[PDB]
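Asker: This is upload35.cif, which holds mmCIF, C-alpha atoms; chains and numbers go by the auth columns:
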```cif
data_work
loop_
_atom_site.group_PDB
_atom_site.id
_atom_site.type_symbol
_atom_site.label_atom_id
_atom_site.label_comp_id
_atom_site.label_asym_id
_atom_site.label_seq_id
_atom_site.Cartn_x
_atom_site.Cartn_y
_atom_site.Cartn_z
_atom_site.B_iso_or_equiv
_atom_site.auth_seq_id
_atom_site.auth_asym_id
ATOM 1 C CA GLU A 1 4.224 24.133 10.286 0.00 1 A
ATOM 2 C CA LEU A 2 4.725 21.868 7.327 0.00 2 A
ATOM 3 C CA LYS A 3 7.561 19.418 7.442 0.00 3 A
ATOM 4 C CA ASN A 4 8.805 17.267 4.614 0.00 4 A
ATOM 5 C CA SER A 5 8.344 13.836 6.102 0.00 5 A
ATOM 6 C CA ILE A 6 6.085 12.204 8.730 0.00 6 A
ATOM 7 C CA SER A 7 9.121 11.900 10.945 0.00 7 A
ATOM 8 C CA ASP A 8 9.382 15.599 11.761 0.00 8 A
ATOM 9 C CA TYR A 9 5.739 15.735 12.476 0.00 9 A
ATOM 10 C CA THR A 10 4.753 15.685 16.005 0.00 10 A
ATOM 11 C CA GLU A 11 1.203 14.708 16.752 0.00 11 A
ATOM 12 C CA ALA A 12 0.226 18.372 17.184 0.00 12 A
ATOM 13 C CA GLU A 13 2.303 19.509 14.163 0.00 13 A
ATOM 14 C CA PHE A 14 0.562 16.866 12.209 0.00 14 A
ATOM 15 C CA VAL A 15 -2.822 18.002 13.512 0.00 15 A
ATOM 16 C CA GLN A 16 -1.749 21.494 12.472 0.00 16 A
ATOM 17 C CA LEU A 17 -1.434 20.176 8.898 0.00 17 A
ATOM 18 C CA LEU A 18 -4.655 18.290 9.359 0.00 18 A
ATOM 19 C CA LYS A 19 -6.387 21.481 10.428 0.00 19 A
ATOM 20 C CA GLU A 20 -5.040 23.225 7.378 0.00 20 A
ATOM 21 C CA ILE A 21 -6.272 20.311 5.282 0.00 21 A
ATOM 22 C CA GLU A 22 -9.632 20.727 7.054 0.00 22 A
ATOM 23 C CA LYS A 23 -9.491 24.401 6.240 0.00 23 A
ATOM 24 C CA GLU A 24 -8.636 24.047 2.571 0.00 24 A
ATOM 25 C CA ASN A 25 -11.099 21.144 2.173 0.00 25 A
ATOM 26 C CA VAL A 26 -14.070 23.046 3.624 0.00 26 A
ATOM 27 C CA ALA A 27 -13.035 26.186 1.761 0.00 27 A
ATOM 28 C CA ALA A 28 -12.507 23.994 -1.284 0.00 28 A
ATOM 29 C CA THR A 29 -9.360 25.437 -2.685 0.00 29 A
ATOM 30 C CA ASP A 30 -7.011 23.756 -5.108 0.00 30 A
ATOM 31 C CA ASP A 31 -3.407 24.869 -4.891 0.00 31 A
ATOM 32 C CA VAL A 32 -2.841 24.241 -1.322 0.00 32 A
ATOM 33 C CA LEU A 33 -5.665 21.797 -1.015 0.00 33 A
ATOM 34 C CA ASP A 34 -3.900 19.607 -3.485 0.00 34 A
ATOM 35 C CA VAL A 35 -0.594 20.197 -1.755 0.00 35 A
ATOM 36 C CA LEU A 36 -1.856 19.182 1.520 0.00 36 A
ATOM 37 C CA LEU A 37 -3.792 16.269 0.299 0.00 37 A
ATOM 38 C CA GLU A 38 -0.777 14.874 -1.445 0.00 38 A
ATOM 39 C CA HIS A 39 1.586 15.955 1.250 0.00 39 A
ATOM 40 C CA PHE A 40 -0.450 14.134 3.802 0.00 40 A
ATOM 41 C CA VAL A 41 -0.685 10.953 1.797 0.00 41 A
ATOM 42 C CA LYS A 42 2.987 11.042 0.862 0.00 42 A
ATOM 43 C CA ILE A 43 4.135 11.359 4.462 0.00 43 A
ATOM 44 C CA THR A 44 1.653 8.934 5.923 0.00 44 A
ATOM 45 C CA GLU A 45 1.837 6.727 2.837 0.00 45 A
ATOM 46 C CA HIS A 46 -1.625 5.639 3.708 0.00 46 A
ATOM 47 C CA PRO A 47 -3.320 4.005 0.631 0.00 47 A
ATOM 48 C CA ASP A 48 -6.420 5.750 1.498 0.00 48 A
ATOM 49 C CA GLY A 49 -4.658 8.972 2.425 0.00 49 A
ATOM 50 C CA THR A 50 -7.147 11.210 1.096 0.00 50 A
ATOM 51 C CA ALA A 51 -10.022 8.933 1.720 0.00 51 A
ATOM 52 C CA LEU A 52 -9.109 9.493 5.369 0.00 52 A
ATOM 53 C CA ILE A 53 -9.302 13.245 4.881 0.00 53 A
ATOM 54 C CA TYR A 54 -12.539 12.940 3.122 0.00 54 A
ATOM 55 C CA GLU A 55 -14.063 10.511 5.600 0.00 55 A
ATOM 56 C CA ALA A 56 -12.793 12.596 8.528 0.00 56 A
ATOM 57 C CA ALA A 57 -14.789 15.507 7.145 0.00 57 A
ATOM 58 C CA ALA A 58 -17.936 13.359 6.755 0.00 58 A
ATOM 59 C CA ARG A 59 -17.301 11.750 10.153 0.00 59 A
ATOM 60 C CA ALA A 60 -17.058 15.260 11.572 0.00 60 A
ATOM 61 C CA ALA A 61 -20.216 16.380 9.818 0.00 61 A
ATOM 62 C CA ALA A 62 -22.175 13.438 11.174 0.00 62 A
ATOM 63 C CA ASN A 63 -20.096 13.153 14.371 0.00 63 A
ATOM 64 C CA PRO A 64 -20.915 9.834 16.090 0.00 64 A
ATOM 65 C CA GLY A 65 -18.503 9.692 19.012 0.00 65 A
ATOM 66 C CA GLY A 66 -16.146 12.544 18.328 0.00 66 A
ATOM 67 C CA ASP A 67 -13.119 10.432 17.335 0.00 67 A
ATOM 68 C CA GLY A 68 -12.260 10.627 13.706 0.00 68 A
ATOM 69 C CA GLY A 69 -14.594 13.507 13.262 0.00 69 A
ATOM 70 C CA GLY A 70 -12.084 16.200 12.921 0.00 70 A
ATOM 71 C CA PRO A 71 -8.422 16.894 12.206 0.00 71 A
ATOM 72 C CA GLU A 72 -7.276 15.402 15.450 0.00 72 A
ATOM 73 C CA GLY A 73 -8.845 12.150 14.439 0.00 73 A
ATOM 74 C CA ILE A 74 -7.153 11.845 11.081 0.00 74 A
ATOM 75 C CA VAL A 75 -3.818 11.640 12.846 0.00 75 A
ATOM 76 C CA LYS A 76 -5.240 9.134 15.206 0.00 76 A
ATOM 77 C CA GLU A 77 -6.107 6.890 12.262 0.00 77 A
ATOM 78 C CA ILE A 78 -2.603 7.339 10.812 0.00 78 A
ATOM 79 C CA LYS A 79 -0.765 6.510 14.047 0.00 79 A
ATOM 80 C CA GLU A 80 -2.320 3.070 14.196 0.00 80 A
ATOM 81 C CA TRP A 81 -1.670 2.305 10.539 0.00 81 A
ATOM 82 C CA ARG A 82 1.870 3.520 10.639 0.00 82 A
ATOM 83 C CA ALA A 83 2.516 1.482 13.779 0.00 83 A
ATOM 84 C CA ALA A 84 0.799 -1.653 12.415 0.00 84 A
ATOM 85 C CA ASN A 85 2.666 -1.381 9.135 0.00 85 A
ATOM 86 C CA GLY A 86 5.809 -0.943 11.154 0.00 86 A
ATOM 87 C CA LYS A 87 6.610 2.407 9.729 0.00 87 A
ATOM 88 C CA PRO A 88 8.151 5.347 11.639 0.00 88 A
ATOM 89 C CA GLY A 89 5.346 7.666 12.505 0.00 89 A
ATOM 90 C CA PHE A 90 5.188 10.922 14.318 0.00 90 A
ATOM 91 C CA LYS A 91 7.865 12.372 16.389 0.00 91 A
ATOM 92 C CA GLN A 92 7.663 13.871 19.765 0.00 92 A
ATOM 93 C CA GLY A 93 7.971 17.541 20.352 0.00 93 A
#
```
In structure tokens, write the structure found in this file.
Answerer:
Amino acid sequence: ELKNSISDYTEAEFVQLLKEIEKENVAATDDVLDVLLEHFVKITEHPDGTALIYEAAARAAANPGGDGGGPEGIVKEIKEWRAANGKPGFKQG
């Protein structure tokens, strides 16, 4: 389900978004694709928010060692950034 901030997002709820982003990216939509893209980057505040989405797709397509190649690896990239930056990341639930 979509939250408003990164702080209501559990890892799995975030991956849920990430899967929807995956979905709308591979389907190539616009309304929701653009929501999700922005939504993701606004909550993560990652400078390369969408570059992460976009690389995750390519990383999935190529698939070297699984990690990062899929929705559950976008989150994984965010958790480290958020933590390193010292920003509140995902919640538990």
Asker: Please give the centre and size of the box around segment 28-33 of chain A (axis-aligned, containing every atom listed in the file, 6 Å added per side), with values in Å to one decimal and written as JSON.
Answerer:
```
{"center_x": -7.7, "center_y": 23.6, "center_z": -3.1, "size_x": 21.7, "size_y": 15.6, "size_z": 16.1}
```
Asker: For residue 69 of chain A, work out the shell of residues within 7 Å, counting only C-alpha atoms and skipping chain neighbours fewer than 5 positions away, then give it as a PDB file with C-alpha atoms, keeping the file's coordinate frame.
Answerer:
```
ATOM      1  CA  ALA A  56     -12.793  12.596   8.528  1.00  0.00           C
ATOM      2  CA  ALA A  57     -14.789  15.507   7.145  1.00  0.00           C
ATOM      3  CA  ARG A  59     -17.301  11.750  10.153  1.00  0.00           C
ATOM      4  CA  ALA A  60     -17.058  15.260  11.572  1.00  0.00           C
ATOM      5  CA  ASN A  63     -20.096  13.153  14.371  1.00  0.00           C
TER       6      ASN A  63
END
```
Asker: Identify, on the basis of all atoms listed in the file, every residue whose closest approach to residue 6 of chain A does not exceed 8 Å; exclude the query and any residue fewer than 6 positions from it along the same chain; express the result as a PyMOL selection string.
Answerer: chain A and resi 43-44+88-91
Asker: Which one of A:1, A:39, A:19, A:87 sits closest to residue 74 of chain A if you count only C-alpha atoms?
Answerer: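 When distances to residue 74 of chain A are compared using only C-alpha atoms, the smallest one comes from A:19.
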Asker: Between atom CA of residue 64 of chain A and atom CA of residue 80 of chain A, what distance in Å does the model show, to one decimal?
Answerer: 19.9 Å
Asker: Using all atoms listed in the file, which protein or nucleic acid residues come within 12 Å of residue 49 of chain A? Drop anything in the same chain fewer than 2 positions from it, and give the result as an MDAnalysis selection string.
Answerer: chainID A and resid 18 21 36:47 51:56 74:75 77:78 81:82
Asker: Using atom CA of residue 71 of chain A and atom CA of residue 22 of chain A as the two end points, give the distance in Å to one decimal.
Answerer: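 Atom CA of residue 71 of chain A sits 6.5 Å away from atom CA of residue 22 of chain A.
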Asker: Counting only C-alpha atoms, which residues have an atom no more than 9 Å from (-5.5, 15.9, 13.6) in the file's coordinates? Please list them as a list in words.
Answerer: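 The residues that fall inside the cut-off are residues 11, 12, 13, 14, 15, 16, 17, 18, 19, 68, 70, 71, 72, 73, 74, 75 and 76 of chain A.
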Asker: Report, in Å to a single decimal, how far apart atom CA of residue 7 of chain A and atom CA of residue 24 of chain A are.
Answerer: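 According to the coordinates, atom CA of residue 24 of chain A and atom CA of residue 7 of chain A are separated by 23.1 Å.
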Asker: Fix up segment 64-78 of chain A with N, CA, C and O atoms, then write it as a PDB file, keeping the file's coordinate frame.
Answerer:
```pdb
ATOM      1  N   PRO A  64     -20.357  10.875  15.242  1.00  0.00           N
ATOM      2  CA  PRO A  64     -20.915   9.834  16.090  1.00  0.00           C
ATOM      3  C   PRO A  64     -20.377   9.919  17.528  1.00  0.00           C
ATOM      4  O   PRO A  64     -21.115  10.238  18.463  1.00  0.00           O
ATOM      5  N   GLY A  65     -19.086   9.673  17.696  1.00  0.00           N
ATOM      6  CA  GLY A  65     -18.503   9.692  19.012  1.00  0.00           C
ATOM      7  C   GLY A  65     -17.256  10.522  19.065  1.00  0.00           C
ATOM      8  O   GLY A  65     -16.286  10.157  19.737  1.00  0.00           O
ATOM      9  N   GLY A  66     -17.262  11.619  18.333  1.00  0.00           N
ATOM     10  CA  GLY A  66     -16.146  12.544  18.328  1.00  0.00           C
ATOM     11  C   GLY A  66     -14.942  12.071  17.520  1.00  0.00           C
ATOM     12  O   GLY A  66     -14.580  12.691  16.522  1.00  0.00           O
ATOM     13  N   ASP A  67     -14.347  10.966  17.943  1.00  0.00           N
ATOM     14  CA  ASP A  67     -13.119  10.432  17.335  1.00  0.00           C
ATOM     15  C   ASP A  67     -13.227  10.174  15.864  1.00  0.00           C
ATOM     16  O   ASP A  67     -14.144   9.485  15.387  1.00  0.00           O
ATOM     17  N   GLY A  68     -12.299  10.758  15.141  1.00  0.00           N
ATOM     18  CA  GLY A  68     -12.260  10.627  13.706  1.00  0.00           C
ATOM     19  C   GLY A  68     -13.004  11.746  13.026  1.00  0.00           C
ATOM     20  O   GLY A  68     -12.821  11.997  11.839  1.00  0.00           O
ATOM     21  N   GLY A  69     -13.822  12.432  13.785  1.00  0.00           N
ATOM     22  CA  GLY A  69     -14.594  13.507  13.262  1.00  0.00           C
ATOM     23  C   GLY A  69     -13.913  14.819  13.484  1.00  0.00           C
ATOM     24  O   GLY A  69     -14.368  15.646  14.285  1.00  0.00           O
ATOM     25  N   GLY A  70     -12.831  15.019  12.790  1.00  0.00           N
ATOM     26  CA  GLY A  70     -12.084  16.200  12.921  1.00  0.00           C
ATOM     27  C   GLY A  70     -10.640  15.937  12.636  1.00  0.00           C
ATOM     28  O   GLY A  70     -10.231  14.767  12.536  1.00  0.00           O
ATOM     29  N   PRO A  71      -9.840  16.987  12.523  1.00  0.00           N
ATOM     30  CA  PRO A  71      -8.422  16.894  12.206  1.00  0.00           C
ATOM     31  C   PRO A  71      -7.652  16.051  13.197  1.00  0.00           C
ATOM     32  O   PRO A  71      -6.825  15.241  12.813  1.00  0.00           O
ATOM     33  N   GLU A  72      -7.963  16.180  14.459  1.00  0.00           N
ATOM     34  CA  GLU A  72      -7.276  15.402  15.450  1.00  0.00           C
ATOM     35  C   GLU A  72      -7.669  13.920  15.438  1.00  0.00           C
ATOM     36  O   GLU A  72      -7.153  13.126  16.221  1.00  0.00           O
ATOM     37  N   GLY A  73      -8.544  13.540  14.549  1.00  0.00           N
ATOM     38  CA  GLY A  73      -8.845  12.150  14.439  1.00  0.00           C
ATOM     39  C   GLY A  73      -8.319  11.538  13.171  1.00  0.00           C
ATOM     40  O   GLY A  73      -8.405  10.328  12.982  1.00  0.00           O
ATOM     41  N   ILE A  74      -7.740  12.356  12.314  1.00  0.00           N
ATOM     42  CA  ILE A  74      -7.153  11.845  11.081  1.00  0.00           C
ATOM     43  C   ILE A  74      -5.817  11.233  11.460  1.00  0.00           C
ATOM     44  O   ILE A  74      -5.472  10.122  11.087  1.00  0.00           O
ATOM     45  N   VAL A  75      -5.108  11.996  12.257  1.00  0.00           N
ATOM     46  CA  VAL A  75      -3.818  11.640  12.846  1.00  0.00           C
ATOM     47  C   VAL A  75      -3.903  10.367  13.635  1.00  0.00           C
ATOM     48  O   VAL A  75      -3.052   9.484  13.534  1.00  0.00           O
ATOM     49  N   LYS A  76      -4.932  10.291  14.395  1.00  0.00           N
ATOM     50  CA  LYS A  76      -5.240   9.134  15.206  1.00  0.00           C
ATOM     51  C   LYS A  76      -5.390   7.866  14.341  1.00  0.00           C
ATOM     52  O   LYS A  76      -4.979   6.785  14.739  1.00  0.00           O
ATOM     53  N   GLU A  77      -5.939   8.018  13.155  1.00  0.00           N
ATOM     54  CA  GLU A  77      -6.107   6.890  12.262  1.00  0.00           C
ATOM     55  C   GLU A  77      -4.726   6.505  11.687  1.00  0.00           C
ATOM     56  O   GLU A  77      -4.388   5.321  11.555  1.00  0.00           O
ATOM     57  N   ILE A  78      -3.930   7.518  11.397  1.00  0.00           N
ATOM     58  CA  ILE A  78      -2.603   7.339  10.812  1.00  0.00           C
ATOM     59  C   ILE A  78      -1.637   6.662  11.781  1.00  0.00           C
ATOM     60  O   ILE A  78      -0.862   5.786  11.374  1.00  0.00           O
TER      61      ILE A  78
END
```
